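Engineer: Please find the sequence and an experimentally derived structure below.
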Amino acid sequence: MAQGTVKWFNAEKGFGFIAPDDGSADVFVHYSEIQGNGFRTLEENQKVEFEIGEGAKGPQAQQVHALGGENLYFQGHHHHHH
């Protein structure tokens with residue numbers, strides 16, 4: 001297993017790269033391997049968990065589950081006070 005942060009992901013094409021927490025070997029992401037909430041996509045600068053395997057472009061992220069990270073959205077901006 002491995003975790004990291006998707007450094008960039010092309011949602012249109014369905015591929016990208018993650019910077020693993022394991023020292024970041026630049027793991028290649030592919031939408032078919034992504035395990036999301038219905039989406040097979042990732043957001044740039046998002047935390048993620050995956051399994052590094054061997055692909056044509058080097059290390060490939062298999063079973064790519066989006067961890068998220070910054071989950072404090074829609075709690076501010078407009079009236080962070082009752």
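Structural biologist: Yes, it's here. Residues are numbered from 1 along each chain as shown.

Engineer: switch to C-alpha atoms for all contacts and neighbour counts from now on
Structural biologist: Noted.

Engineer: List the contacts of the host helix or strand of residue 17.
Structural biologist: Secondary structure assigned from DSSP states H and E places residue 17 in strand 15-20. By Cα atoms under 8 Å, 6 or more residues apart in numbering, the residues outside strand 15-20 that reach it are 2-10, 24-31, 61.

Engineer: Can you pick out the ones from those residues that are in strands?
Structural biologist: Among those, the ones falling in strands (DSSP state E) are 2-10, 27-30, 61.

Engineer: Residue 52: which element?
Structural biologist: Counting by DSSP H and E, residue 52 is part of strand 46-55.

Engineer: just how off-centre is that strand within its chain?
Structural biologist: Its chain's C-alpha centre and that of strand 46-55 lie 8 Å apart, by Cα atoms, centre = their mean, to the nearest Å.

Engineer: pretty sure residue 57 contacts residue 28?
Structural biologist: Yes. Contact criterion Cα atoms under 8 Å: residue 57 and residue 28 qualify, at 7.1 Å.
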